[PDB]
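Student: Structure incoming, see below.
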Amino acid sequence: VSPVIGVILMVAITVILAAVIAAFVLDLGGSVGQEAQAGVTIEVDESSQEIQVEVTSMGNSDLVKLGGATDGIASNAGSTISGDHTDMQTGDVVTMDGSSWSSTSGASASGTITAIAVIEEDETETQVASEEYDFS
Amino acid sequence: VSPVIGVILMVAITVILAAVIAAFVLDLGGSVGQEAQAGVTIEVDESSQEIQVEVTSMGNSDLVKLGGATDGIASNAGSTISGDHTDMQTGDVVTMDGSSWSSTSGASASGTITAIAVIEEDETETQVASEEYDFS
Amino acid sequence: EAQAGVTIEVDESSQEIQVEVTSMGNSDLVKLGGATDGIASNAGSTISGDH
Amino acid sequence: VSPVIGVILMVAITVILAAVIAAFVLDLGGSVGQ
Amino acid sequence: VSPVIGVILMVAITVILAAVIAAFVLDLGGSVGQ
Amino acid sequence: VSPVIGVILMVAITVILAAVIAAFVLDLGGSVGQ
Amino acid sequence: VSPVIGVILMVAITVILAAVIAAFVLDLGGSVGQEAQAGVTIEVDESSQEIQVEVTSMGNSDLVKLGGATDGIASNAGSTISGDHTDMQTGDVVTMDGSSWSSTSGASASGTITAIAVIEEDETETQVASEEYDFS
Amino acid sequence: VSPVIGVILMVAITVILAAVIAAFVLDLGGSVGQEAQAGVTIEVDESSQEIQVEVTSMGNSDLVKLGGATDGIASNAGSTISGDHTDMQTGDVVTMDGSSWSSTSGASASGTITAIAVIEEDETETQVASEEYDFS
């Protein structure tokens, strides 16, 4: 009689463990991480020490912002950036005049300008373009 | 007896997880993002400070509108733009007289004129042409 | 023991949560619990549909 | 399942790259120096 | 259950690799030497 | 009970193998020879 | 009581088997076989019975050597080969004078000249170019 | 003792199921469907109401035959077709005189002439060229 009751109890434990593991499996099942992608052009003009950025295509993202060395520039370099860099729609233009960075403290004459695509649905951030410059 | 019931329960969980992952996979399966393309010519005349735009070909899009520096001009520069810039069909002509931008507040004598192709089916926007100007 | 598959998705852009039943399994009805008890009790119409 | 999703993503990247290269080609297309 | 989770993880890796290769492709896309 | 614990262990091994193969794939991903 | 102890022992055996299979899986996991690739040009001149080889591009390999019919030639044909054939860098030139092969024993007037790329990291060998000749 | 015998039986069932699924997988593994491709030129002459077909290249197929509207013509239009249309080798010419189709019952003055490539190894048929005509 003992082994049969043991089998029944083990079956109950098996059902409970299956119920527990189902939630863990389904937790991974739903986490299909998304990735943003888009096309932006960056161009550094040596004749006037200026950098221009435009969004050629949107892809699946909905807004693009500039990162990298722009953090130091936009923070204290003030009006050397024209336009809006925190939200660039397709067809927008952002112009950065780099003549004054060589003397403005905290603004690196070298570095890199990087573009980040943003999706508000889950706060996904992805790098889409990069290009370095040297006004030193 | 215990491992067999466990196998049955695991098979049921496998079927449920397959059903869950199928929807996630098919969600990505249908998102074939489209991109607009067309040909437009932009020409900046230095003798009279005027910019002319015409649509040479439509490609697969159905309407073209001007963006970039035109946002500042069209917003408050008033009648310096002739024709319709929000919807340009093939063979249409848009003429912009830039003589007065050097003194009109909010109108940049420099910048860039960009063309955007539009598809109403999914609100896709793509840049097709760009050209800068300097009436400063 | 009941088992089924339901998808929950929290949208940061509009502060909204969506729930749908992908599969039934062997159960026959699903209801929302947890923090929904506080919300559904007095938050009124912030929930749409039948929970 | 993995290679099919990869193919879809590669197709999307191909469309984006075509859109990017179209502007570059058309930039040279209009520069008929007089 | 194991192969399904493996497929999900491989799909995630495929998305990440597509994101990585997109930047490399677009780097060459813009270098139209004059 | 045995097959469920086996499934859990196999899932863990699958995660570890995915982590291992990700580095190998990304190694080739970045080698765009100029 | 018996089935519960059996379940415990089976769980232990399952853990041990998982540990054993993990090593086997990871053994295949790391064996991502590499392949060498490069570009080399081979040219057979009918006017003087001479064959010229140059490395146009290196690709990802680091040295190129000649195989195929060259094994018979280089072994006993002596000075009919000029330059270094066991290690050809980019921009190097190897010239082989085939006039004397028609009479030198062990040197095939026909056959094929093949190029092999080499990587010292794992001794990978890959064929990159081939071309036949007939001085018979 | 019960769970161990259950594990043994489940292992046997797993081996049997693996053997069963192997055949199903290998059935799909070998079905690499082939497709024929070739180049044929079709030309419709308005001055004499005649259509000419020639095989410019064979590709990987081995014979070409005409389909489409030719089915109605070749069936009862008799000698209006010259040459052999059921098997066209490279460099062959088939001439069809369409003057009489406007009055011959069952012969459509309009329609389309299509070319089909054929491979006898697995009876693959593929369309390679098409062109319409209007002698009505």
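Within each chain, counting starts at residue 1; across the structure tokens, chains are named A, B, ... in the order shown, with ligands numbered 1 upward in that order.
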Using only C-alpha atoms and a cut-off of 8 Å, which residues of chain E sit close to chain B? Please list them as an MDAnalysis selection string.
Tutor: chainID E and resid 1 4 8
Student: Write out as a ChimeraX atom specification which residues come within 10 Å of residue 21 in chain C when counting only C-alpha atoms, dropping same-chain ones fewer than 5 positions away.
Tutor: /B:20 /C:4-8,29-30
Student: Report as number ranges by chain all protein, DNA and RNA residues lying within 9 Å of range 96-109 of chain A, evaluated on only C-alpha atoms, omitting residues in the same chain fewer than 3 positions from it.
Tutor: A: 48-53, 69-70, 72-77, 79-83, 133-136
Student: Excluding residue 26 in chain C and its own-chain neighbours fewer than 2 positions away, which residues fall within 9 Å of it when counting only C-alpha atoms? Please give them as a PyMOL selection string.
Tutor: chain C and resi 2-4+24+28
Student: Which residues come within 8 Å of residue 23 in chain E, counting only C-alpha atoms, excluding same-chain residues fewer than 2 positions away, as a count of residues only?
Tutor: 9
Student: Which chain B residues are at most 10 Å from chain G (counting only C-alpha atoms), as a list in words?
Tutor: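 Taken together, these residues fit the definition: residues 1, 2 and 3 of chain B.
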Student: Once you count only C-alpha atoms, which residues of chain A turn out to be within 6 Å of chain C? Could you give them as a PDB file with N, CA and C atoms, in the first residue's frame?
Tutor:
ATOM      1  N   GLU A 120       9.830  54.668 -28.015  1.00  0.00           N
ATOM      2  CA  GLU A 120       9.219  54.959 -26.724  1.00  0.00           C
ATOM      3  C   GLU A 120       8.487  53.754 -26.149  1.00  0.00           C
ATOM      4  N   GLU A 121       8.163  52.756 -26.974  1.00  0.00           N
ATOM      5  CA  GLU A 121       7.391  51.618 -26.489  1.00  0.00           C
ATOM      6  C   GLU A 121       8.104  50.874 -25.369  1.00  0.00           C
ATOM      7  N   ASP A 122       9.424  50.672 -25.483  1.00  0.00           N
ATOM      8  CA  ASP A 122      10.161  50.024 -24.405  1.00  0.00           C
ATOM      9  C   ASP A 122      11.496  50.707 -24.110  1.00  0.00           C
TER      10      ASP A 122
END
Student: Just the residues within 12 Å of residue 66 in chain G, please, counting only C-alpha atoms, with nothing from its chain fewer than 5 positions along; format it as an MDAnalysis selection string.
Tutor: chainID G and resid 40:42 52:55 71:74 81 84:88 94:96 112:118 125:131
Student: Using only C-alpha atoms, which residues sit within 8 Å of range 9-17 of chain D once same-chain residues fewer than 3 positions away are excluded, as a compact mmCIF listing (two decimals) with C-alpha atoms, in the first residue's frame?
Tutor:
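selection_35.txt, written as the output of this step:
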# COMPACT_ATOMS: atom_id res chain seq x y z
CA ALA A 38 17.45 53.79 -39.12
CA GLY A 39 19.68 55.68 -41.53
CA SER A 57 15.38 57.24 -43.53
CA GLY A 59 13.24 52.57 -40.73
CA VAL B 32 8.36 44.36 -43.99
CA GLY B 33 9.02 48.09 -43.73
CA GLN B 34 8.63 49.95 -47.01
CA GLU B 35 10.78 52.87 -48.18
CA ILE D 5 13.77 36.09 -39.15
CA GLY D 6 17.37 36.82 -40.08
CA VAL D 20 20.68 55.69 -48.27
CA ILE D 21 22.63 55.03 -51.48
CA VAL E 15 18.43 40.66 -33.88
CA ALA E 18 21.63 42.42 -37.43
CA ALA E 22 23.80 47.44 -39.93
CA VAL E 25 27.23 48.32 -43.74
CA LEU E 26 26.11 51.93 -43.36
CA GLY E 29 27.37 53.21 -47.54
